[PDB]
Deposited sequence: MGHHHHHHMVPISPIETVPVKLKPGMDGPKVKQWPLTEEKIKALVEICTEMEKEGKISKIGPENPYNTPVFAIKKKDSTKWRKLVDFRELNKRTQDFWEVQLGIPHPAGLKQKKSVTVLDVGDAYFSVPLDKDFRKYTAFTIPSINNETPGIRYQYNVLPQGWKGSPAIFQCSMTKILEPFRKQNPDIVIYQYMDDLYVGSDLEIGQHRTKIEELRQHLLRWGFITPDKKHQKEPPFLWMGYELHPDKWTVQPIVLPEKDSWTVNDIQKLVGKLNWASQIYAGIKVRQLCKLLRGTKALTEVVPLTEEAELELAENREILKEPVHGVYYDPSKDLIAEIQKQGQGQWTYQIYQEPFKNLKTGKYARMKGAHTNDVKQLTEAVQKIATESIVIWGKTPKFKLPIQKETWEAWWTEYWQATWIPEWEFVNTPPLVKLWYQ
């Protein structure tokens, strides 16, 4: 191979490189990473480094869906946050396709060399059992997977290999996010899979892939705010409704609870049944018609971050909202339960996060910042055990037992 020019990459002004500690790994994952890194070292992709490199970035191993091969995953979230901005408009048509297949073209990045002055920032460590040896330290020589600079730098090369396919299929939308390739079409499912097979064979031919996962955005349903339907309303039931309507008035307009609060007169017992007046039945009825559809006039700001909140509704059900400003939801949803995680909350939560992020990628071309309803220590202990994506979104941990729980289900 002949040396091709690396593009100059710098950190943001005033920012130093990533200094994140490596978390413990099991014996199975360590051995897997060792074998992978030995191969990459032989192929010149990574090089061993010493302690004079003060930077470090977590590494671990995952297994993609519909695959049994171990996949090396590096958490470049800290590096990405500090890496300069590289200046593709997001395909709005991708959301309106009947079928969007996800292809992994991450191996393509290992063809392009990385700027020598930047390689130090890609340092990572393979831990050893019982610290028998000090961890094996590596840095990258080529474009790393998970780094936001990789798809940007490799963009020009990606457009050339897709140019023949995009002309032969002008009604097929192809979008790239990190290591994954999103291919959408309104074509019939049988003929669709033969087209993505035609594409992945075109990618295998030129070494973009090294020797399934289908999405259906039309089936992504919105979860609206629903009001209970009863013939007998207790004082407690009225109070619950008032509390839910009061909160919902922060999102929707024209919501009033005057006629419902009149029913709560004097000092009533909670279990007392109170007959709804004809004007209370009216006020309730017109509130329902307001909460029927999503709120108009909520626009997506491409510059501002996306935020995702998740609630645990029990029985394997989870609700979620995506917004950029409070009470201005861009999307709301609810996920049904799935067999395999009948007793595992963490597994259900991890899958939910990946689903939401996936939808956010398809719709806006960006993963949201998650507010996870889980203790930090509990999440950080087992979340890798159920992760199947090559990207990792930002997240924080919230601990507020909400009334917002039944305010969405």
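According to the record, the deposited residues with no C-alpha atom in the structure span 1 to 11, 99 to 103, 228 to 240.
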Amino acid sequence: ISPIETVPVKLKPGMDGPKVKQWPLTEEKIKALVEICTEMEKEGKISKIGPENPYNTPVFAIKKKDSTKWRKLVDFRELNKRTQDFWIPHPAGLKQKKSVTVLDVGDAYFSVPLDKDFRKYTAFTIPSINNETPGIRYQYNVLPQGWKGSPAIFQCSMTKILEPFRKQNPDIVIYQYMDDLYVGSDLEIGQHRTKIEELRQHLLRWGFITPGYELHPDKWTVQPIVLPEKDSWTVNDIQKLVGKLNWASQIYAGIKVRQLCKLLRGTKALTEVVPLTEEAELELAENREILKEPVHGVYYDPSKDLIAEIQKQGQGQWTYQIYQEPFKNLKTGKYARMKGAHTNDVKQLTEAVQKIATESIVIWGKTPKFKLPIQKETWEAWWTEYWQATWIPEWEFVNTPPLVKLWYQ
From here on, numbers count along this sequence of modelled residues.
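Set 302 to 310 against 160 to 168 and average the Cα temperature factors; 160 to 168 ends up higher.
When the mean C-alpha temperature factors of 4 to 12 and 398 to 406 are read from the deposited coordinates, 398 to 406 comes out higher. Out of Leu143, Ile136, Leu330, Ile209, it is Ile209 whose C-alpha atom has the highest B-factor in the PDB entry. Of the candidates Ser232, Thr319, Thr267, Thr101, the deposited coordinates give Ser232 the top C-alpha B factor. The PDB entry assigns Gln315 a C-alpha temperature factor belonging to the highest third of its chain's modelled residues. Ranked within its chain, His342 lands in the highest third, by CA B factor from the PDB record. Sorting the modelled residues of the chain by their CA temperature factor places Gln223 in the middle third. Per the PDB record, residue ranking by Cα B-factor puts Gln96 in the highest third of the chain. Ranked by C-alpha B-factor against the other modelled residues of its chain, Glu325 falls in the middle third.
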